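Quick one, what's the 3D model for this:
(2 chains, ligands or ions: 4)
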Number of protein chains: 2
Amino acid sequence: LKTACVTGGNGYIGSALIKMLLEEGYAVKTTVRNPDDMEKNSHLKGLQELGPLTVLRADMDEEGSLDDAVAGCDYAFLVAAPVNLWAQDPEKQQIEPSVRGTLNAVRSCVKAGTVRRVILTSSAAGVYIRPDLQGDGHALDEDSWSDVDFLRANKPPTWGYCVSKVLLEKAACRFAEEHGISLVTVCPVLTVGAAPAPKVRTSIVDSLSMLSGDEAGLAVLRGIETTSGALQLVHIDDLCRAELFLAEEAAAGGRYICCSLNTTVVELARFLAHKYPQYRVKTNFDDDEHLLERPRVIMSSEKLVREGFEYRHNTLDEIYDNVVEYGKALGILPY
Amino acid sequence: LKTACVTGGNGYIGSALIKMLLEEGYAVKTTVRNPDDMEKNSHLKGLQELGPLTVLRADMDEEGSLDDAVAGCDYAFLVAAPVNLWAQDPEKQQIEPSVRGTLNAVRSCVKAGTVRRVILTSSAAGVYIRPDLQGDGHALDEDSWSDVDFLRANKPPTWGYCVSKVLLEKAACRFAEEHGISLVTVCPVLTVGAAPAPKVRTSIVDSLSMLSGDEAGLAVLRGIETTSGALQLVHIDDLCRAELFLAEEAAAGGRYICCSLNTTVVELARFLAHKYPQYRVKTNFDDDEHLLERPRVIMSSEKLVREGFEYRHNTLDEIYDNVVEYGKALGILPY
Ligand SMILES: NC(=O)c1ccc[n+]([C@@H]2O[C@H](COP(=O)([O-])OP(=O)(O)OC[C@H]3O[C@@H](n4cnc5c(N)ncnc54)[C@H](OP(=O)(O)O)[C@@H]3O)[C@@H](O)[C@H]2O)c1
Ligand SMILES: NC(=O)c1ccc[n+]([C@@H]2O[C@H](COP(=O)([O-])OP(=O)(O)OC[C@H]3O[C@@H](n4cnc5c(N)ncnc54)[C@H](OP(=O)(O)O)[C@@H]3O)[C@@H](O)[C@H]2O)c1
Ligand SMILES: O=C1C[C@@H](c2ccc(O)cc2)Oc2cc(O)cc(O)c21
Ligand SMILES: O=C1C[C@@H](c2ccc(O)cc2)Oc2cc(O)cc(O)c21
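Numbers count the residues shown, from 1 in each chain, chains lettered A, B, ... in the order given. Ligands and ions are numbered 1, 2, ... in the order given. Take a look:
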């Protein structure tokens, strides 16, 4: 069989990727940091009783820890990454560990000799910090990079996360090219949908905040719109198929935005209020709230599409098709 | 004042639209075919003594008939249309007059020069004839068009009505684009609620059939579900507000489904049986329970809700809040 490595099998996106790879007939090796924690990793046993899944222990911050897991793999999906969006000391707790851990992982992939392609999962946060674009009508593509200097000078919330994505991508791209290994980078927007992982929180807390009523989650969604010009969404299923697509399509190369739809907080609030009447969805925003009626800047996925990929969740109704039941199971929603 | 034209002021939806436009401060001009029939048109005098309403005589089948009425209007609400759902000769009694009357109306709107936007009332019957979708889990949006080929090949009941909506929509859009006039099309599902018109019947006969026991109306409801995959409902007041919203919302464009709730014959029957025990509502079926237990195909109003519209009647109780009294006043219900 063809074998794939997925770092961070207990993560939100990582757990979904593993499930899809197995379904598509791959043998899968995944790393977690504490396999003995079956609260976090029970889905890996569930999947492991269904398909050829291997679970290993590794911390990406330790050089060479990934050597064994990626040995004998055709593809390496580097999903695991530091996600301290709000660290007190971002340079040391988010940025430096991100760059160092990504280089550690690519080094292991090179060492393995068998890895045909590395698939690095980054984020739209490395793309859409663009304070030089004013007014509306803007459309960002893979040539757009988040303004690191602006981020370090002004340090808005989650600035360290945005910087870490920019720096780790460039470090990864340089390392891969200097060692002759093919590297594809995927920059997904906010990802929504059910996954096998039983104890994840991550962005689900935020994407469900209009239904849960959590004001911190609501601030995150507002922050995305304010800082990037829109609220961009993609379904977990489309993200995982996109990663498989980019791994398999030999003609694929370089960076790829993964984004199905550009909306706004107000649009999403209205739609969710309409689709889920049982929740008290606040839709009446009033003035000061610098909220957009329509996107000012959109993220373009034309490169991935013209590459041959097709999204299957193309409306708000389809992007939010199964996340509510997932939120219930995770305890993020009560009922 | 801003001035709006409404065709067919004696019609069910037309009469409700006129009352709402007058309430919202519009000067209104409406056309009827026989203003001297004050049994059908008395509500227009009642409205005329309360607000700035002009009543004119016109038959949409005759080219130019609408010229005078729509002259000086900022918006034109084309509500009047042939409703011979069961014509013996649909081609000549339903389809051709529909296309021709709509083109006549839009031509008059262009000639007026003042019409900023045309709001064309069409029907969900132009959307949900989709024999290619089997199983459940389907959601239809504005890109779904009723299958005219299937309709002409099998000629199910009301096939001529369904075809007329598809053709008049496409002909109208091609004409509007060539003349650079904004045309927005609304495709309501089964519309329910009280209206000023005193002698209308239309779908009220069918939407009240579970209370009246009329088996022809009950057959129409079962037919909607069997042919479209659900029993879709919207309140007259939400439809009228939606039409105003789309007229006034500069960003709005193209076609819009108007649908508050996707339910079933059985669920509606159980709801009506509990709400109105004085009437004898049949809730026990079987075999004939080819009736769905839950919608197989749902009409998605996501485009309209994203545009900025919010439904105010969202439950069966809210959708059926005042239709029964109206049915009494119309003689459709005895008591
Ligand atoms: N969720 C979204 O909506 C979204 C959208 C766009 C981009 N992204 C990005 O895609 C990546 C995955 O996101 P996610 O939502 O799945 O986050 P998550 O649920 O919190 O999972 C993060 C994974 O990374 C692991 N990890 C972190 N540091 C590690 C380390 N030093 N060594 C080994 N493993 C480490 C974590 O393992 P531990 O449990 O041991 O910490 C976990 O498995 C993230 O980089 C995210 O920023 C997410
Ligand atoms: N009622 C619903 O539940 C529903 C749901 C979805 C869509 N719709 C569609 O919305 C439209 C209005 O529906 P409705 O319930 O209000 O029907 P309605 O009560 O029977 O009224 C029909 C109106 O159209 C007029 N009309 C027909 N042909 C005309 C012509 N050649 N020239 C001038 N006027 C003409 C009629 O005037 P006359 O009296 O002189 O014939 C009448 O005013 C219809 O196209 C319907 O198919 C209705
Ligand atoms: O790691 C991520 C991804 C990030 C994100 C949001 C929007 C976007 O467009 C790209 C990335 O959002 C989050 C929000 C959280 O509460 C926790 C998280 O771990 C994350
Ligand atoms: O003109 C219409 C609208 C049509 C309709 C029903 C459901 C739907 O979803 C869309 C349209 O139903 C009707 C039923 C009638 O007895 C008489 C009518 O004149 C009509």
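
where do the helices sit along the stretch 151-300 of chain A?
A:159-179, A:204-207, A:209-212, A:215-228, A:236-248, A:265-275 (DSSP state H, counting those that start in this stretch).

Mind listing residues that contact stretch A:97-116?
A:7, A:60-67, A:69-76, A:78, A:80-82, A:118, A:120, A:164-165, A:167-168, A:171-172, A:175-176, A:179, A:181-183 (C-beta atoms under 8 Å, 6 or more residues apart in numbering or on different chains). All C-beta spots, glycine's among them, are computed from the backbone N, C-alpha and C.

Buried ones among those residues?
Using 16 or more other C-beta atoms under 10 Å in any protein chain shown as the burial test, the contacts of stretch A:97-116 include A:7, A:60, A:65-66, A:69-71, A:73-76, A:78, A:80-82, A:118, A:120, A:164-165, A:167-168, A:171-172, A:175-176, A:181-183 as buried.

So which of those sit within strands?
Per DSSP state E, strands hold the following members of those: A:7, A:75-76, A:78, A:118, A:120, A:183.

out of the residues you listed, who's nearest residue B:158?
residue A:75 (54.2 Å; C-beta to C-beta).

Any idea what that closest one is bridged to?
Under the criterion DSSP bridges, residue A:75 forms beta bridges with residue A:4, residue A:117.

thought it was touching residue A:117?
Yes. Taking C-beta atoms under 8 Å as the contact criterion, residue A:75 and residue A:117 are neighbours in contact, 5.7 Å apart.

Under a three-state scheme, what state does residue A:139 occupy?
Here residue A:139 is recorded as strand under DSSP: H, G, I helix; E, B strand; the rest coil.

Tell me what it is bridged to.
Under DSSP bridges, the residues paired with residue A:139 across the bridge are residue A:298.

Who are the contact partners of it?
The contact partners of residue A:139, by C-beta under 8 Å, 6+ apart, come to A:297-300.

and of those, the nearest to residue B:159?
residue A:298 (41.2 Å).

I'd guessed the closest one sits against residue A:228; true?
No. Applying C-beta under 8 Å, one finds residue A:298 not in contact with residue A:228, separated by 9.7 Å.

Neighbour count: the two, which is higher?
Neighbours were counted for residue A:298 and for residue A:228 using other C-beta atoms under 10 Å in any protein chain shown; residue A:228 has more, 25 against 21.

List the contacts of the nearest residue to that one once chain neighbours are set aside.
Counting by C-beta to C-beta, 6 or more residues apart in numbering or on different chains, residue A:128 is the residue found nearest to residue A:228 once chain neighbours are left out, at 3.9 Å. Contacts here follow C-beta under 8 Å, 6+ apart; on that basis residue A:128 touches A:140, A:144, A:146, A:227-229, A:232, A:297, A:299.

What of residue A:152?
Contact analysis of residue A:152 by C-beta under 8 Å, 6+ apart lists A:159, A:163.

so how many other residues sit close to residue A:111?
A count of nearby residues for residue A:111, using other C-beta under 10 Å, gives 14.

gap between it and residue B:250?
Residue A:111 is 59 Å from residue B:250, where distance means C-beta to C-beta, to the nearest Å.

Ok, residue A:11 next?
Relative to residue B:250, and taking C-beta to C-beta, residue A:11 is found at 44 Å.

residues touching residue A:156, list them.
When contacts are counted by C-beta under 8 Å, 6+ apart, residue A:156 touches A:223, A:227.

Quick check: residues of the stretch 201-335 of chain A near ligand 4?
Within the stretch 201-335 of chain A, not a single residue sits near ligand 4 (C-beta under 6 Å from any ligand atom).

Chain neighbours aside, what residue packs nearest to the closest residue to ligand 2 within the stretch 201-335 of chain A?
Among all residues of the stretch 201-335 of chain A, residue A:274 sits closest to ligand 2, at 19.4 Å; criterion: C-beta to the nearest ligand atom. The spatial neighbour of residue A:274 that comes closest, neighbours along the chain excluded (C-beta to C-beta, 6+ apart), is residue B:305 at 4.8 Å.

now do residue A:325
If you skip the residues right next to it in sequence, residue A:325 has residue A:194 as its closest partner in space, 6.8 Å away by C-beta to C-beta, 6+ apart.
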